[PDB]
Amino acid sequence: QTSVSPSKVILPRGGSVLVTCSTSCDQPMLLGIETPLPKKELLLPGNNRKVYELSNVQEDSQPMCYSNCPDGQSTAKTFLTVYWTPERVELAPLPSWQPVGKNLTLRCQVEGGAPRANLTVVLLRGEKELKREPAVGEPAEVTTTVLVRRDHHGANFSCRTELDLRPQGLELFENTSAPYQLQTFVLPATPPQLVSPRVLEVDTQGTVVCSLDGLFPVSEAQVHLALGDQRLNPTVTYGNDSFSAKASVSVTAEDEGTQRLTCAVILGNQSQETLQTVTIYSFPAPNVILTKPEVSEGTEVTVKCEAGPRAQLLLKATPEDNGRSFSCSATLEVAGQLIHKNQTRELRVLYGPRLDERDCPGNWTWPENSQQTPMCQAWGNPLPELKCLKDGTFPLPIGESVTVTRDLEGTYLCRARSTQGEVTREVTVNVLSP
Amino acid sequence: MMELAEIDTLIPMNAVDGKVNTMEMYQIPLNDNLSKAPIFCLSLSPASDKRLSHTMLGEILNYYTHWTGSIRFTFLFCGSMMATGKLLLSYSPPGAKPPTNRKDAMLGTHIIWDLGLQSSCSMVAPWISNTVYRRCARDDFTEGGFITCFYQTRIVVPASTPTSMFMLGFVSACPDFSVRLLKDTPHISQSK
Amino acid sequence: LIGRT
Amino acid sequence: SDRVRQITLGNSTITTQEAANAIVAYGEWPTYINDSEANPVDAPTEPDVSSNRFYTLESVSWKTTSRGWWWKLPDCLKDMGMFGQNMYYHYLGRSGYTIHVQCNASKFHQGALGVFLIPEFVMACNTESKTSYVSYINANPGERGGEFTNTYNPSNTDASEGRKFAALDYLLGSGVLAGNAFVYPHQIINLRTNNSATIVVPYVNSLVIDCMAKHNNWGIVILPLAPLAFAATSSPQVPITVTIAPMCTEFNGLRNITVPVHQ
Amino acid sequence: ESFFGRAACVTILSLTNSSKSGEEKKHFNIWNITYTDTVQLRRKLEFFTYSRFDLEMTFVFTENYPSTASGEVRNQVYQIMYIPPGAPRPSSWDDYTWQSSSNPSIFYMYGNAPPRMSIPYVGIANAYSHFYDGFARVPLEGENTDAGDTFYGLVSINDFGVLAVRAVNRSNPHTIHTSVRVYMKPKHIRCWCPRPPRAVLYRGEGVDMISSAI
Amino acid sequence: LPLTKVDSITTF
Ligand SMILES: *[C@@H]1O[C@H](CO)[C@@H](O)[C@H](O)[C@H]1NC(C)=O
Ligand SMILES: *[C@@H]1O[C@H](CO)[C@@H](O)[C@H](O)[C@H]1NC(C)=O
Ligand SMILES: *[C@@H]1O[C@H](CO)[C@@H](O)[C@H](O)[C@H]1NC(C)=O
Ligand SMILES: *[C@@H]1O[C@H](CO)[C@@H](O)[C@H](O)[C@H]1NC(C)=O
Ligand SMILES: *[C@@H]1O[C@H](CO)[C@@H](O)[C@H](O)[C@H]1NC(C)=O
Ligand SMILES: *[C@H]1O[C@H](CO)[C@@H](O)[C@H](O)[C@H]1NC(C)=O
């Protein structure tokens, strides 16, 4: 009697299906098929064997073959199943930055996909399977917790669906979402090392160096270096989970005073910061003010500094002061540090050139070939230049021990001159026979 | 034999799953609720149907080949006395869309039955045919037609009254009715 | 005509 | 004159001045069912003047190329006014018809149309595998009808162009020589003689009344027995108009309306 | 009358009484009640659209030996059984259906005169039609635009049941084959509406043609 | 069991 072949078909969405209708009776008046679609009927033996091509099957349908025999209107049914992969497979949006040691949840969403009885959703860490579950609901969600380890680094996580139609005679159709990359970190709670001069002069250049280690991913960290309201441009150098940021800084007159140097290391929503002070300076030299730099013995002398009562040093100049030095010392506080600076200045006191018979005898009588030491010393401030010449060019060897010779004999004119005057004295050397 | 075909015999109308082949098939469901759906439907194929076959009319017909005549469908309401209602019984002859709603069935041969002291009401299917005889076997040529029932109003019960009940549907032939040409019945089987 | 055999 | 004729039914009147008599098919005029011959026991619906009147079909064009035309009764009137309604509301329907074919030319034209009315006009299907395999659309085209061809092109594998009539001219699509089609009620529109054909046809069947949604009792066929020719152009063209009136229409078995499968 | 007054051969049925494995379905044969098997009587009926007659059946049996199984069999008794529509149709050649309490049947003893009988105008209409320009049941709205197809024409509608024919003897050691011929004469005949004779070759039940002979 | 299973009571 009424028979159908195939009785179960699986085909892709939109395809044609071939359904053979058949019956068994003597006069089958009408063999026909159920369904409401466009249907090419071929022929084999008459109303006993027919073939229908039914075109464009979009959804599951079950066309039964009915056969009108007058004795028995019997009917037989075929089941058509169609197939389709998910229209979307993706992981719910998750922050890229993820805390080490804390739990994270992955959530895959699969929209569509049928037959659902053969669709599985799976969560993966790289190529490893973490979770597998039949697809249920719409969208079909599948979730799993993942304990963030350092092991989880550039680990890409993904979701995959498996529409396994192999048991129906087809194949396994897979789909995959965009991967998710875990960007973790860890930024210890300790200030970065900051090396910098506690002091810096106006209009000069300085060098700051900031560094820190034990952080990850160092390449992603933001390093903020700045002195006062001046943001610095550092040259970051990376290493074994570490960094060193070097930067130059120039200061001007406006920056004079105590300024704040800061280094901040930032990762995610956490930051470690170091605060230090740098003093920018200008220390005008404490100049020594002498009433009169050059003065004569006896004059009143006043000394004051210039760069609460005003103090000056008064003293009556004595010859012993010629060449002596007065000083003006000062101190300045910059960045809790004490800077010292001074200035000394000499005072010239005066006494005209002098040649007493006492310290420059008018005559000498030495035996030829004896040892003597010619004595003639000028006195005065400034120290007078002395020259004892004979015949305008032959000098008397004063102050030194010599062997008396014939050519020492003669008359010398000892001249002692200086800005205070000039004094002349005649010296006679007699050289007796040995 | 035709004398026996004029005797009112009970139709297995409600021979649905769990109701087939038990006394429950003769009992047509009725209730207080207002639907617009058919109470029953029936193809006028009177020997070769699922329901009408093992009636006395259907049986006698299936020892014969050809038939002619008007069919009497007599219905007995078996509710409580206190249950009122108006129904519509119809015979639509064939060749158009089958009467799924009441406005379709109302456009054919119909009767509005008022439930009352007269417990039984007949609806006659008049002999309307192209061919002078029809087949007892099921035909696409000598088509029979469609019998239905609808609610006109609803069945209405008052306080403390059974909200659901049944009717009994009988079939008999009319005195215009005749059969011809003998054959053995397809109903009975025997071990070889 | 065919027959049947 | 035999040539001059008027015909009036309902609110509709045909006139012709160059007919060649009129013919009554088999000698018998349309008649109703008689109480002695009646079969359905319901009181019949007789529409009279509402339905029994001239309905004019869309005119076809005779060319030198034209091979023939066919229509079916009551199919070609199923959409026609109040007749179509009475036909499709009832299960059973009976009717004879007055068939009036019109084709005027000039005294300088040649051509001869054989207008035949064939009872039960079952043509062969256009496929050598399946037998008598014709869809509801392809069997019942309505007002349009179908045309004849002089070629037999069977779609042996398929259910498109194999699911329709092989309307072969010389064999009437039926496998019988068209030269013997004169055993049916007929007239010839020979353009040098007449411009009209008038055939009155009774109800013919093996039954009293039948289901008009099943059965076409009559088929109208028009074949060019002599081809259309005009002296000047090698492509002449003349309109052929078919006007049909039913008569003695009666219907049994009222229900909801029959809407068959469609396009 | 006179034109139709001949017993013309319609179908030739094989049945084969054998004792071999797959020959139980050979021991009987079933035939459709039509008149399209042969062309000679058909073409003469096909002169008219409608006819009406009583029918004379005459049956001629001829048995023979198929292979070199030319050995001993006993005289064959055949049964021709008419099975009208909606009836118990057989399972094997021997069974309960073929008892025939109401199904009219003929018992032929081979060697006797050709068995014959008369049948009335049994038709469901007022005359027979050799045609039908219409459908069986109506194809309605939402079914298929292309519907009606298979259920057009006389072939779709004109069921009259079947003949079942058997040998009533059991299977013998040697296989015997029997051909039965069905002859028909329509008598008491009158016909309506002449039509042209069939000009070209027939194809089966319908009116249909072929490509290679028109 | 003589009788055939009906699909609905609203089967035509
Ligand atoms: C995911 O991570 C694994 C392990 O490092 C790697 O081998 C794999 O290719 C990655 N997948 C993608 C899409 O990058
Ligand atoms: C994340 O949390 C759940 C609940 O504490 C725990 O059971 C699970 O082991 C954790 N995942 C991993 C990989 O450690
Ligand atoms: C899923 O994979 C199929 C093939 O298996 C492909 O055609 C389709 O485009 C994919 N769908 C998505 C959403 O990627
Ligand atoms: C990371 O530290 C380990 C231990 O010293 C060493 O093997 C590796 O080269 C280091 N990478 C660096 C220096 O960035
Ligand atoms: C002044 O500073 C100098 C360094 O340049 C130092 O040598 C000297 O001792 C200071 N003089 C004083 C005591 O004011
Ligand atoms: C940090 O804070 C932001 C702002 O709410 C948040 O969106 C982000 O996920 C947090 N990340 C962590 C845990 O450092």
# chains A, B, ... in the order shown; residues from 1 in each chain; ligands from 1
call {"tool": "residues_near_ligand", "arguments": {"ligand": "ligand 6", "cutoff": "12 Å", "atoms": "only C-alpha atoms and all ligand atoms", "output": "ChimeraX atom specification"}}
result
/A:93-104,183-187,266-271
call {"tool": "write_last_selection", "arguments": {"atoms": "N, CA, C and O atoms", "output": "mmCIF file, in the first residue's frame"}}
result
data_model
loop_
_atom_site.group_PDB
_atom_site.id
_atom_site.type_symbol
_atom_site.label_atom_id
_atom_site.label_comp_id
_atom_site.auth_asym_id
_atom_site.auth_seq_id
_atom_site.Cartn_x
_atom_site.Cartn_y
_atom_site.Cartn_z
ATOM 1 N N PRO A 93 31.289 41.420 25.777
ATOM 2 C CA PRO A 93 32.348 42.420 25.964
ATOM 3 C C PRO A 93 32.915 42.374 27.370
ATOM 4 O O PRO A 93 32.172 42.454 28.346
ATOM 5 N N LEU A 94 34.235 42.255 27.453
ATOM 6 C CA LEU A 94 34.941 42.147 28.724
ATOM 7 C C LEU A 94 36.129 43.099 28.756
ATOM 8 O O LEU A 94 36.812 43.278 27.741
ATOM 9 N N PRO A 95 36.390 43.742 29.907
ATOM 10 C CA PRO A 95 37.528 44.662 29.982
ATOM 11 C C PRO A 95 38.817 43.941 29.598
ATOM 12 O O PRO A 95 39.002 42.779 29.953
ATOM 13 N N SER A 96 39.684 44.606 28.843
ATOM 14 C CA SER A 96 40.947 43.993 28.428
ATOM 15 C C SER A 96 41.914 43.833 29.592
ATOM 16 O O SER A 96 42.642 42.847 29.676
ATOM 17 N N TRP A 97 41.911 44.823 30.480
ATOM 18 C CA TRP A 97 42.762 44.840 31.668
ATOM 19 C C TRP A 97 42.178 43.879 32.708
ATOM 20 O O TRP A 97 41.004 43.990 33.059
ATOM 21 N N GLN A 98 42.987 42.950 33.209
ATOM 22 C CA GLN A 98 42.478 41.987 34.189
ATOM 23 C C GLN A 98 43.418 41.678 35.373
ATOM 24 O O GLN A 98 44.551 41.213 35.188
ATOM 25 N N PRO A 99 42.940 41.910 36.607
ATOM 26 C CA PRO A 99 43.643 41.698 37.884
ATOM 27 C C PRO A 99 44.119 40.268 38.159
ATOM 28 O O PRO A 99 43.312 39.341 38.247
ATOM 29 N N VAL A 100 45.430 40.106 38.336
ATOM 30 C CA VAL A 100 46.018 38.787 38.619
ATOM 31 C C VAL A 100 45.557 38.254 39.970
ATOM 32 O O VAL A 100 45.576 38.977 40.970
ATOM 33 N N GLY A 101 45.146 36.991 39.990
ATOM 34 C CA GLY A 101 44.695 36.388 41.225
ATOM 35 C C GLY A 101 43.207 36.532 41.448
ATOM 36 O O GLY A 101 42.672 36.026 42.427
ATOM 37 N N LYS A 102 42.532 37.254 40.564
ATOM 38 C CA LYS A 102 41.094 37.411 40.697
ATOM 39 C C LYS A 102 40.345 36.609 39.626
ATOM 40 O O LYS A 102 40.927 36.202 38.610
ATOM 41 N N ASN A 103 39.060 36.389 39.863
ATOM 42 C CA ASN A 103 38.229 35.612 38.954
ATOM 43 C C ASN A 103 37.623 36.435 37.833
ATOM 44 O O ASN A 103 37.172 37.553 38.050
ATOM 45 N N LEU A 104 37.608 35.861 36.639
ATOM 46 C CA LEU A 104 37.032 36.517 35.470
ATOM 47 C C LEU A 104 35.980 35.578 34.878
ATOM 48 O O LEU A 104 36.145 34.357 34.925
ATOM 49 N N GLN A 183 44.824 41.146 28.957
ATOM 50 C CA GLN A 183 45.937 42.048 29.240
ATOM 51 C C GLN A 183 45.920 42.274 30.750
ATOM 52 O O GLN A 183 45.040 42.945 31.263
ATOM 53 N N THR A 184 46.839 41.637 31.479
ATOM 54 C CA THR A 184 46.842 41.690 32.945
ATOM 55 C C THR A 184 47.826 42.723 33.405
ATOM 56 O O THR A 184 48.180 43.626 32.647
ATOM 57 N N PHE A 185 48.246 42.619 34.617
ATOM 58 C CA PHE A 185 49.254 43.609 34.976
ATOM 59 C C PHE A 185 49.959 43.192 36.224
ATOM 60 O O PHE A 185 50.477 42.108 36.426
ATOM 61 N N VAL A 186 49.923 44.181 37.082
ATOM 62 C CA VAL A 186 50.415 44.246 38.433
ATOM 63 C C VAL A 186 51.640 45.074 38.597
ATOM 64 O O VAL A 186 52.762 44.832 38.160
ATOM 65 N N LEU A 187 51.167 46.084 39.306
ATOM 66 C CA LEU A 187 51.763 47.291 39.789
ATOM 67 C C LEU A 187 51.800 47.332 41.312
ATOM 68 O O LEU A 187 50.859 47.785 41.967
ATOM 69 N N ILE A 266 51.902 54.538 35.966
ATOM 70 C CA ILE A 266 50.501 54.137 35.858
ATOM 71 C C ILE A 266 50.215 52.941 34.964
ATOM 72 O O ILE A 266 50.672 52.870 33.826
ATOM 73 N N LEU A 267 49.413 52.031 35.508
ATOM 74 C CA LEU A 267 48.963 50.819 34.834
ATOM 75 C C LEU A 267 47.510 50.656 35.214
ATOM 76 O O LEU A 267 47.162 50.669 36.387
ATOM 77 N N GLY A 268 46.661 50.530 34.211
ATOM 78 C CA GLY A 268 45.249 50.380 34.472
ATOM 79 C C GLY A 268 44.721 51.584 35.217
ATOM 80 O O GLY A 268 44.939 52.717 34.806
ATOM 81 N N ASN A 269 44.068 51.331 36.346
ATOM 82 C CA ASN A 269 43.499 52.401 37.151
ATOM 83 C C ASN A 269 44.298 52.658 38.442
ATOM 84 O O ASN A 269 43.833 53.352 39.347
ATOM 85 N N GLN A 270 45.525 52.133 38.483
ATOM 86 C CA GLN A 270 46.434 52.274 39.629
ATOM 87 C C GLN A 270 47.688 53.069 39.274
ATOM 88 O O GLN A 270 48.205 52.969 38.162
ATOM 89 N N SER A 271 48.190 53.846 40.231
ATOM 90 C CA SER A 271 49.394 54.633 40.010
ATOM 91 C C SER A 271 50.274 54.713 41.253
ATOM 92 O O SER A 271 49.775 54.817 42.375
#
call {"tool": "residues_near_ligand", "arguments": {"ligand": "ligand 1", "cutoff": "12 Å", "atoms": "only C-alpha atoms and all ligand atoms", "output": "ChimeraX atom specification"}}
result
/A:124-129,151-160,176-182
call {"tool": "write_last_selection", "arguments": {"atoms": "C-alpha atoms", "output": "tab-separated table (two decimals), in the first residue's frame"}}
result
chain	number	residue	atom	x	y	z
A	124	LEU	CA	38.36	27.73	24.72
A	125	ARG	CA	41.65	29.05	26.16
A	126	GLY	CA	43.82	29.07	23.05
A	127	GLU	CA	43.21	25.65	21.52
A	128	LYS	CA	42.20	24.02	24.84
A	129	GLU	CA	38.58	23.23	25.65
A	151	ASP	CA	50.21	31.94	33.16
A	152	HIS	CA	47.24	33.67	31.51
A	153	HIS	CA	49.26	36.21	29.52
A	154	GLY	CA	48.69	36.75	25.84
A	155	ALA	CA	46.21	33.92	26.15
A	156	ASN	CA	43.52	34.43	23.59
A	157	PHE	CA	40.14	33.02	24.59
A	158	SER	CA	37.42	32.12	22.11
A	159	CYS	CA	34.02	30.51	21.63
A	160	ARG	CA	33.16	27.90	19.02
A	176	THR	CA	34.28	30.83	15.81
A	177	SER	CA	34.05	34.25	17.46
A	178	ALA	CA	36.66	36.99	17.53
A	179	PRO	CA	39.32	36.09	20.12
A	180	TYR	CA	39.65	37.86	23.49
A	181	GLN	CA	43.15	38.76	24.70
A	182	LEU	CA	43.80	38.99	28.42
call {"tool": "interface_residues", "arguments": {"of": "chain D", "to": "chain A", "cutoff": "7 Å", "atoms": "only C-alpha atoms", "output": "PyMOL selection string"}}
result
chain D and resi 157-159
call {"tool": "write_last_selection", "arguments": {"atoms": "N, CA and C atoms", "output": "JSON list (two decimals), in the first residue's frame"}}
result
[["chain", "number", "residue", "atom", "x", "y", "z"],
["D", 157, "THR", "N", 9.36, 14.03, -20.03],
["D", 157, "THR", "CA", 9.89, 13.97, -18.66],
["D", 157, "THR", "C", 9.08, 14.76, -17.65],
["D", 158, "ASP", "N", 8.53, 15.93, -18.05],
["D", 158, "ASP", "CA", 8.25, 17.02, -17.14],
["D", 158, "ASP", "C", 6.75, 17.29, -16.89],
["D", 159, "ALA", "N", 6.48, 18.12, -15.85],
["D", 159, "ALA", "CA", 5.17, 18.49, -15.38],
["D", 159, "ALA", "C", 4.77, 19.94, -15.68]]
call {"tool": "closest_residue", "arguments": {"among": "E:137, E:62, E:19, E:95", "to": "residue 144 in chain B", "atoms": "only C-alpha atoms"}}
result
E:137
call {"tool": "closest_atom_pairs", "arguments": {"of": "chain E", "to": "chain C", "cutoff": "7 Å", "atoms": "only C-alpha atoms", "output": "tab-separated table"}}
result
residue	atom	partner	partner_atom	distance
E:12	CA	C:3	CA	6.5
E:13	CA	C:3	CA	6.3
E:14	CA	C:4	CA	5.9
call {"tool": "write_last_selection", "arguments": {"atoms": "C-alpha atoms", "output": "PDB file, in the first residue's frame"}}
result
ATOM      1  CA  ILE E  12      -5.415 -11.892 -22.488  1.00  0.00           C
ATOM      2  CA  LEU E  13      -4.430 -12.840 -18.913  1.00  0.00           C
ATOM      3  CA  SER E  14      -1.598 -15.207 -17.945  1.00  0.00           C
TER       4      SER E  14
END
call {"tool": "residues_near_ligand", "arguments": {"ligand": "ligand 2", "cutoff": "6 Å", "atoms": "only C-alpha atoms and all ligand atoms", "output": "VMD selection string"}}
result
chain A and resid 103 145 to 147
call {"tool": "decode", "arguments": {"residues": "chain C", "atoms": "N, CA and C atoms", "output": "PDB file, in the first residue's frame"}}
result
ATOM      1  N   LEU C   1      -0.057  -7.543 -27.549  1.00  0.00           N
ATOM      2  CA  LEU C   1      -0.100  -7.214 -26.141  1.00  0.00           C
ATOM      3  C   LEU C   1       0.758  -8.079 -25.232  1.00  0.00           C
ATOM      4  N   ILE C   2       1.453  -7.386 -24.298  1.00  0.00           N
ATOM      5  CA  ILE C   2       2.441  -7.838 -23.324  1.00  0.00           C
ATOM      6  C   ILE C   2       2.278  -9.266 -22.816  1.00  0.00           C
ATOM      7  N   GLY C   3       1.136  -9.587 -22.184  1.00  0.00           N
ATOM      8  CA  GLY C   3       0.960 -10.828 -21.459  1.00  0.00           C
ATOM      9  C   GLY C   3       1.315 -10.589 -20.023  1.00  0.00           C
ATOM     10  N   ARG C   4       2.363 -11.279 -19.519  1.00  0.00           N
ATOM     11  CA  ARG C   4       2.766 -11.259 -18.118  1.00  0.00           C
ATOM     12  C   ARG C   4       3.820 -12.319 -17.860  1.00  0.00           C
ATOM     13  N   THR C   5       3.646 -13.523 -18.446  1.00  0.00           N
ATOM     14  CA  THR C   5       4.472 -14.717 -18.229  1.00  0.00           C
ATOM     15  C   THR C   5       4.208 -15.382 -16.855  1.00  0.00           C
TER      16      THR C   5
END
